[PDB]
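Each remark here refers to the structure printed beneath this line.
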Amino acid sequence: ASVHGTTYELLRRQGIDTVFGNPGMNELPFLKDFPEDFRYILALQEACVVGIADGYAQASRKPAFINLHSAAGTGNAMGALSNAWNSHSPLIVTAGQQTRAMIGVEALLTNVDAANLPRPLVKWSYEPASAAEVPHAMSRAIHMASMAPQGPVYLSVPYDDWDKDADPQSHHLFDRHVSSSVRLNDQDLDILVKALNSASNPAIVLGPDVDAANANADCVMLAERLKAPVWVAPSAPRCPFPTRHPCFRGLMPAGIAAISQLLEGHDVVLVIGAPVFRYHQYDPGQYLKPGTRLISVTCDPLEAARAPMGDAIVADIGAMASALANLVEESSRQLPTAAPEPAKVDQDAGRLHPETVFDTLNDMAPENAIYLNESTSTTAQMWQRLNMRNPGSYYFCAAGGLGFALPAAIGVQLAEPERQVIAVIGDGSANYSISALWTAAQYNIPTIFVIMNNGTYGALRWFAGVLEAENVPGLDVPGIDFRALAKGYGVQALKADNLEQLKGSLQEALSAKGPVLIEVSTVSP
Amino acid sequence: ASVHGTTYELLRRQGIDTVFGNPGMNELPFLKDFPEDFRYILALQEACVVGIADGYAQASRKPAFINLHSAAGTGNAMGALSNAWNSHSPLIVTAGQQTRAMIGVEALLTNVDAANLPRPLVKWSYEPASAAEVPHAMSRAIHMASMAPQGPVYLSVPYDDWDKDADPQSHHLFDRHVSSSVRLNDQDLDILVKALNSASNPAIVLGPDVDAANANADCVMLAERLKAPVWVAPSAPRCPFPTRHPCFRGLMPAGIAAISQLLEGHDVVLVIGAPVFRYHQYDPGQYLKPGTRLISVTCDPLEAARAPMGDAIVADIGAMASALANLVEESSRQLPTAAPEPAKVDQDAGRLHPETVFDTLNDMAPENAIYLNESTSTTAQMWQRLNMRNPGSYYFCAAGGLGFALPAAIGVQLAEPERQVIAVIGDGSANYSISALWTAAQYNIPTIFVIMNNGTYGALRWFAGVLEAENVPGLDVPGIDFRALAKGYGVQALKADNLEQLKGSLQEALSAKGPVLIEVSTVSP
Amino acid sequence: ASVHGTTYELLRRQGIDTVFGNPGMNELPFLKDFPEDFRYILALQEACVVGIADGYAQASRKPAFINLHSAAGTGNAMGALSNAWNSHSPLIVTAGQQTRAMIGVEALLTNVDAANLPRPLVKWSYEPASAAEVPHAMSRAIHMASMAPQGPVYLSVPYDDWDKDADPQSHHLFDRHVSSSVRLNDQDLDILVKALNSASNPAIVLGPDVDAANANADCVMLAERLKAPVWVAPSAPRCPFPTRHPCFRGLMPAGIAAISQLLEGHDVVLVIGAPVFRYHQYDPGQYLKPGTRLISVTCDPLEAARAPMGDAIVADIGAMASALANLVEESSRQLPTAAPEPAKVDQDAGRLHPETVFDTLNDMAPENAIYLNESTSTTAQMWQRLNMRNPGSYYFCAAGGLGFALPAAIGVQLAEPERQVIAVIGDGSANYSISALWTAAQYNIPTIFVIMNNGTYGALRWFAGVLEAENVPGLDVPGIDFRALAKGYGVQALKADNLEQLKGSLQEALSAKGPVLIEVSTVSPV
Ligand SMILES: Cc1ncc(C[n+]2csc(CCOP(=O)(O)OP(=O)(O)O)c2C)c(N)n1
Ligand SMILES: Cc1ncc(C[n+]2csc(CCOP(=O)(O)OP(=O)(O)O)c2C)c(N)n1
Ligand SMILES: Cc1ncc(C[n+]2csc(CCOP(=O)(O)OP(=O)(O)O)c2C)c(N)n1
Ligand SMILES: [Ca+2]
Ligand SMILES: [Ca+2]
């Protein structure tokens, strides 16, 4: 068989049936004779291609396949690649390389030193030394992406390899099954269990790897057993817990001092599926107040090694959560009391306060909605005013890289056609990957886009104030008609200048059958 | 406290008490006020420094700490790092960098783009952005090297960082315990054990991670239970099974065809702590023959990803091995029959054959001896003729990089002062790190060095013969006097031109007080 | 044609006839049927292989070809490559890779991510995408090494490539001639010449690239016309100027403050072929005192960019030096004030002071001797006491990496059979590349090795002192017998325990036919 055929067989047999891409001259020899059991998803830009794939991989909890054009295409995606890395997304990035005979002369379309391009934002980057090796390298890439901790990979392949004769011994790759579903040995696990049952005032902290592992329900059972308060690790890329559950305590502020102070009083603090920690703002202080010990359970050796305090276990989050939830005894302590309901902010007949939007989104959206956030100045209000009962109901750019929510909201919706995806994106952030809108329309992927328009970078201006920094240029974004952009890419558009219009626009988008964008006028800071 | 104080406190609390090094100007501010509870092992050149630390780390099954000088020192040790990578040696390599104020002008001794230098032969590579961050980076290096899969790490530290004040929060890293002692979940583990129980003709292949995890005994119990034959994986850097056990079948040849042929007949083949496969010579064919199904247990995701066949499980070798040995049913099949005893080769009163040397060593060395091998052309005869009952009995350069055995043998002897270490080393390979001899004499480490002197790069002449390659230069190394080399570095020397002399020198060396080198006149190929 | 035949044809057509190597299996398909117009130099260890090739490349002023084994052999030589990078040595480093079919499975001997290995110490790292591209790749490596600024390059070749058919169009690369022999345009050169003519108190500073270009004599002319004092840039890897010329000022100490002080009062300071500057010891102060202007002529963009002060011109040192020597006016100023003569140090009949050794070498050695230095605590004294009036008379680890001088002194001597190489090497430094001696014996290369045995890492102890560092481990190296090491590798050995023995040993070694090692008992700094 050919490399072309042997490779499509490898993907098939590994459970791959979708290729998100933007094509070039180097990817043609691979894209040709596109099998009937595969489906192609075009995006007009590479950051969009990878963002859609990303959203898709995270929601489906399975690797996504990507096909990009040489260096220019690989480069245009590296922003999105930055987010994927931080979110442990299993992305198999494949880029086309110039014909082997033209690489030396560095002809146009030649990915020079290709393996180094994506570094250091990838787990594995490689260019095969021969055509016949392609299938095997594809196997490595697939498994390298899928193994815990999950992450994006990169494979460069000359477009002249696809027609070449594949190595018959390649068939051994087809049904290779690699497992990293592992957990702490019985002995050291019983000691951890013992320590948990002996804790007088334990707290729990959950990160994105919990939602990734669909370990959410096990973490609920674990929290209820231990009758422990639950927090989401700072800068959360996902939601690992029910926001209305009695134990839930909200999202931790992304600061050293704020976190140690919040943990003060708790003797044992168990962190699951989160870096320790994902700080953001400057808040020098004590990592942990005396009397508080920390135990981290991550699937990433890099997270475990860099943690400034506490002990760590490197195991699979799905396996560990399940074991712990089924091992720990039921504490007699009283079950924590659910946090009070956020008060309703005063709203006039003019511009809408972000608080009003969320309260409104929470009232009208189906219970199994899926929210994406890239309204940077309103993350706190969002996490508080949005009741998210189910797994994989929240997504936020994991390396803080803007341009992720728009496309990712498309990939998620594609992966979850039964759940209404609602992307909440600031007017600034909506520009980074605006072209992505075209994909939602072309394939009729029914994402509802909510654009919060403050005419500026609320977040940036804020930080500006927390630095007393005056005379900063480039913070305003006036003169952007999001309705016209939506029209440009064939997506139904709507506007809400007030609460009355907001309620109306939302009505009509949940009833609509295709993608819908709503530009909402929000107060300025 | 100073970064200096805090850093040594960290090393100490993490169980490190030994520094293997060759000092430079950028290392003195680190080395000054050397605490009494630490020991410093000086080697004359950096391949020797690392090699010794490698042997030490492998034998002790704990991280070894190394201190080298900037780029030139790190550079000199690169070859040694390639072996360490392949052998998963937990080595924390640190190099002195120019004072921060003089980095910009690239002053003499400035490690340019330092983190990139050792790549790609290290798990992690880093230079802290500030002095206060040194301790934390050191904590990372420590854990990144100890965690599975174990391997060398690299830390570059500007020499002015040591006197600066350390962060008071750094005390949290002192007692951080990180665990990767994990095994497959209960559900999937059951499936595996059932598969092993159901096998009609099982075979077991073992690699170096078995010996490193001291799982040798557990593997012995496993093979006794399944009554299946046991093989060591090709290009073995270690021995993880009694070479006299009834199940032991020896070192697999390092060829694709030869391995698939050996494995023909066995329905299920269990590979533990080894790559699949570490082939060497070009021997094209089938990876496996039909009827054979492969299951691999590895602690390194890189190995699981690049296996061209079989299923893989990524987990700690210790926990996995111990789990399987105490779970599998005891087959009723008849325990395999021990392999015959190598045949005695005809030996005249002249040049000694490698077979004779090994037979004499075996009939004279203590039962708990430890052997290192850098006698390239006689590896096969070595594995057949040495009885190695105990774990940690064999070391061989894991990436084939010559210059390992000699320093490593000193590192091992240092690690195991109660076990007589005997390094067998070709006349060719003895020169790569000849200078390490001095460390053996200086620190009174009684390692025995057997130099197999045939006057030529033997394994090279062999290969050249298989490739029908003619007129190849640089294969002969005449005119080296090893006794004179040993006298040069203060190491007692003896020579064995015949058997009588061999017996006598061996008896004298085993008795001698300090290190001893025997130059043996062997026959050529 | 095979890739093997074509590659060897390219090498000869490019002037290469020597291959410095340590063979491995991956390199055997390359070394086989070794052509009769080529010669192979074996060294027993990689750093020794590269070090010899380095000395050979620097002395001959031509690129040198290297053949090493996969990752491990490349790795062993990376310390030596750090020195070569700093000395702009044109070294073509080739390493054999596993057969293309066994790279994926990462068989033993596989060089993983090979091109990344020697980075950041190479101008170019590459592994070709196919067998037929090898020749083109070797062409690139050859030219990347030879083009200013010259440096080491790296090429990894799967061993199954050598037998495969080469592209017939590969013959176009045979006579390819690349030139970077360039100087500053006429208009901007005139402006520079005017600034030199108009200077009231100009000073000249010269680095290693001057000696590399053989621009020493043009610098002499220039220094004479400008009647300017001449200094060698700090951490000098080579000697760019007659040490006894009336203009010679000596070696600049490697300190910021020391240098601005030495340059005070000079209105214009012209630096040629050196980084600005290769400082060493922490010596904070003013880069340049006010009233002092700096002009740097370098062949390396990296050097011009990183200079903390001054204007820079990136051009060929050979051409720029020649143009300037022949363009400047002759000044009627008086020559620099004569340098004091270095004093004869107090010397008993016991252990030898470095200064006694240097004066004695200077008295007995031929006018055209070549000295290498890896005697780390005696460098300043060496420069004062050795009269080197010829080009290419001095070499010293350019990145400060020990293990250079001994192998390099062999490369140099091979390259200069008519000039007597004298390597002055510390007891510490001698160990990094001890096995190189074997190469001297085998090919009968008459290098003389002077081992300065003081029992200690002298420079370190000194630094420990200038730091007030107490209880530093590992500064002593007792119990090394260098006569034994020499015998071990088949090199004739002598011992100098005092002045009388030293004189006799030097006389004897200067008349010997093969290589000689002299162990000199010197006084310790203690
Ligand atoms: C690609 C990228 N560019 C720039 C930034 C820095 N940044 C963070 S928030 C922000 C403005 C976002 O404003 P908007 O999306 O309108 O939401 P708001 O902050 O107004 O709530 C910028 C530029 C980033 N995180 N990613
Ligand atoms: C650092 C390094 N250099 C070169 C090689 C290639 N090589 C492998 S075996 C060998 C000859 C070894 O000679 P000797 O130690 O005498 O063993 P023998 O083959 O003679 O038994 C060489 C040059 C290597 N593997 N590693
Ligand atoms: C590869 C390498 N290792 C270590 C050093 C640090 N170093 C610089 S000088 C020196 C002392 C060398 O001693 P020796 O050769 O006896 O000369 P001496 O100082 O006694 O004159 C050392 C270890 C270095 N520069 N390069
Ligand atoms: Ca030999
Ligand atoms: Ca010394």
Could you please give the count of residues in the range A:496-519 that are assigned to a loop (DSSP other than H, G, I, E, B) and under 18 Å from A:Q347 (Cα atoms)?
2
Residues located in the range C:71-88, provided they are farther than 17 Å from C:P208 by Cβ and either surrounded by fewer than 24 Cβ atoms within 10 Å (Cβ to Cβ) or among the hydroxyl-bearing types (S, T, Y) (or both):
C:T74
For a quick check of your reading of the model, give me the residue pairs whose first member lies in the range C:412-429 and is in the same structural domain as C:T522 (by CATH), whose second is within 12 Å of ligand 5 (Cβ to nearest atom) and charged (D, E, K, R), with beta-carbon atoms closer than 7 Å and at least 6 apart or on different chains.
C:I425/C:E374; C:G426/C:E374; C:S429/C:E374
Tally up the residues in the range B:458-474 that are within 9 Å of another protein chain (Cβ to nearest Cβ), under 29 Å from the mean Cα position of the chain (by Cα) and under 20 Å from B:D283 (Cβ atoms), please.
4
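With respect to A:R351, determine if the residue is of a type in the set (K, R), in contact (Cβ under 8 Å) with a residue 60 or more places away in the chain and surrounded by 16 or more Cβ atoms within 10 Å (Cβ to Cβ). Write out each step before concluding.
Working: of a type in the set (K, R): yes; in contact (Cβ under 8 Å) with a residue 60 or more places away in the chain: yes; surrounded by 16 or more Cβ atoms within 10 Å (Cβ to Cβ): yes.
For A:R351, the condition - of a type in the set (K, R), in contact (Cβ under 8 Å) with a residue 60 or more places away in the chain and surrounded by 16 or more Cβ atoms within 10 Å (Cβ to Cβ) - is met.
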Scan the helices (runs of 4 or more DSSP H) fully inside the range B:134-246 and keep the ones with 3 or more residues being more than 27 Å from B:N362 (Cβ to Cβ).
B:134-146, B:186-198
Given the condition part of a helix (DSSP H, G or I) and more than 16 Å from ligand 4 (Cβ to nearest atom), answer yes or no: does some residue in the range B:325-341 qualify?
yes
Please determine whether any residue of the range A:178-188 is basic (K, R) and over 30 Å from the mean Cα position of the chain (by Cα).
no
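When you look at C:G490, is it touching a strand residue (DSSP E or B) at 6+ places or on another chain (Cβ under 9 Å) and closer than 28 Å to B:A77 by Cα, yes or no?
Details: touching a strand residue (DSSP E or B) at 6+ places or on another chain (Cβ under 9 Å): no; closer than 28 Å to B:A77 by Cα: yes.
So C:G490 does not fit the description; no.
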Among residues belonging to the range C:19-48 that are more than 8 Å from chain B (Cβ to nearest Cβ) and surrounded by fewer than 21 Cβ atoms within 10 Å (Cβ to Cβ), point out the one that is nearest to ligand 3 (Cβ to nearest atom).
C:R39
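For (1) crowded, with 21+ Cβ neighbours inside 10 Å; (2) closer than 28 Å to B:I313 by Cβ; (3) within 11 Å of another protein chain (Cβ to nearest Cβ); (4) touching a strand residue (DSSP E or B) at 6+ places or on another chain (Cβ under 8 Å), each residue gets a yes or a no:
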residue	(1), (2), (3), (4)
A:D165	no, no, no, yes
A:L184	yes, yes, yes, yes
A:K194	no, yes, no, no
A:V210	yes, yes, no, yes
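Would you confirm, using the coordinates I've provided, whether C:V345 is closer than 19 Å to C:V450 by Cβ and without any contact (Cβ under 8 Å) to a residue 40 or more places away in the chain?
On the way: closer than 19 Å to C:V450 by Cβ: yes; without any contact (Cβ under 8 Å) to a residue 40 or more places away in the chain: yes.
Spelling it out, C:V345 is indeed closer than 19 Å to C:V450 by Cβ and without any contact (Cβ under 8 Å) to a residue 40 or more places away in the chain.
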Condition met for A:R385 (more than 13 Å from ligand 1 (Cβ to nearest atom), closer than 23 Å to A:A496 by Cβ and touching a residue at least 40 places away in the same chain (Cβ under 8 Å))
yes
Name every residue in the range B:217-270 that is in contact (Cβ under 8 Å) with a residue 40 or more places away in the chain and either among the polar types (S, T, N, Q) or not assigned by CATH to the domain that holds B:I191 (or both), in order of residue number.
B:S235, B:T243
Selection count where residues are farther than 20 Å from C:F396 by Cβ and either part of a loop (DSSP other than H, G, I, E, B) or of a type in the set (F, W, Y) (or both), scope the range C:419-444:
4
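Can you find, within the range B:107-123, the residue that is nearest to ligand 1 (Cβ to nearest atom) among those that are in a loop (DSSP other than H, G, I, E, B) and farther than 27 Å from B:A236 by Cβ?
The qualifying residue nearest to ligand 1 (Cβ to nearest atom) is B:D113.
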Within the range C:21-73, which residues are basic (K, R) and either under 16 Å from the mean Cα position of the chain (by Cα) or not assigned by CATH to the domain that holds C:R140 (or both)?
C:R61, C:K62
When C:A512 is evaluated against the numbered criteria (1) at the interface with chain B (Cβ under 8 Å from one of its Cβ atoms); (2) surrounded by fewer than 18 Cβ atoms within 10 Å (Cβ to Cβ); (3) in contact with a strand residue (DSSP E or B) (Cβ under 7 Å, 6 or more places away or on another chain), which criterion, by number, is the only one it fails?
(1)
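Listed residues B:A114, B:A107; which is crowded, with 21+ Cβ neighbours inside 10 Å and under 29 Å from B:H171 (Cα atoms)?
On the way: B:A107 fails: under 29 Å from B:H171 (Cα atoms).
After applying the criteria, what remains is B:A114.
Mind counting the residues in the range C:403-418 that are on the phi < 0 side of the Ramachandran plot and buried (at least 24 other Cβ atoms within 10 Å of the Cβ)? Before the answer, list the steps.
Step one: list which residues in the range C:403-418 are on the phi < 0 side of the Ramachandran plot, which gives C:404-418.
After this cut, where a residue has to be buried (at least 24 other Cβ atoms within 10 Å of the Cβ) as well, the list is C:404-414.
Residues in the range C:403-418 being on the phi < 0 side of the Ramachandran plot and buried (at least 24 other Cβ atoms within 10 Å of the Cβ): 11 in total.
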I'd like to know if the range C:494-506 contains one or more residues that are surrounded by fewer than 24 Cβ atoms within 10 Å (Cβ to Cβ), in contact (Cβ under 8 Å) with a residue 24 or more places away in the chain, within 14 Å of another protein chain (Cβ to nearest Cβ) and under 26 Å from B:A440 (Cα atoms).
yes
State whether one or more residues within the range B:414-436 are within 16 Å of ligand 3 (Cβ to nearest atom), closer than 27 Å to B:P240 by Cβ and among the hydrophobic types (A, V, I, L, M, F, W, C).
yes
As an exercise: evaluate A:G400 against (1) surrounded by fewer than 24 Cβ atoms within 10 Å (Cβ to Cβ); (2) within 14 Å of A:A47 (Cα to Cα); (3) out of contact with any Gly (no Cβ under 8 Å at 6 or more places or on another chain); (4) of a type outside the set (S, T, N, Q) and give the number of the one condition it does not meet.
(2)
Scan the range A:306-319 and report the pairs whose first residue is more than 7 Å from every other protein chain (Cβ to nearest Cβ) and whose second residue is surrounded by 24 or more Cβ atoms within 10 Å (Cβ to Cβ) and charged (D, E, K, R), with Cβ atoms within less than 8 Å and a gap of 6+ or a chain change.
A:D316/A:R183; A:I317/A:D209
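Being part of a helix (DSSP H, G or I) and either among the aromatic types (F, W, Y) or over 19 Å from A:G426 (Cα atoms) (or both) is the filter here; which residues of the range A:462-478 pass it? Walk me through it before giving the result.
So in the range A:462-478, the residues part of a helix (DSSP H, G or I) come out as A:462-465.
Correct list: A:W462, A:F463, A:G465.
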Taking C:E355 as meeting all but one of (1) away from chain B (no Cβ under 14 Å); (2) assigned to a loop (DSSP other than H, G, I, E, B); (3) within 16 Å of ligand 5 (Cβ to nearest atom), write down the number of the exception.
(2)
Criterion first (out of contact with any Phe, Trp or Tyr (no Cβ under 7 Å at 6 or more places or on another chain), charged (D, E, K, R), outside the structural domain of A:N86 (by CATH) and in contact (Cβ under 8 Å) with a residue 60 or more places away in the chain) does A:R483 satisfy it?
no
Please determine whether any residue of the range C:83-106 is of a type in the set (S, T, Y), within 13 Å of chain B (Cβ to nearest Cβ) and assigned to a loop (DSSP other than H, G, I, E, B).
yes
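Basis: the model, the stated rules and, where named, an outside source; no laboratory read-out is quoted. Here the Cβ is made from the backbone with ideal geometry for all residues, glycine too, and neighbour counts use every protein chain on show.
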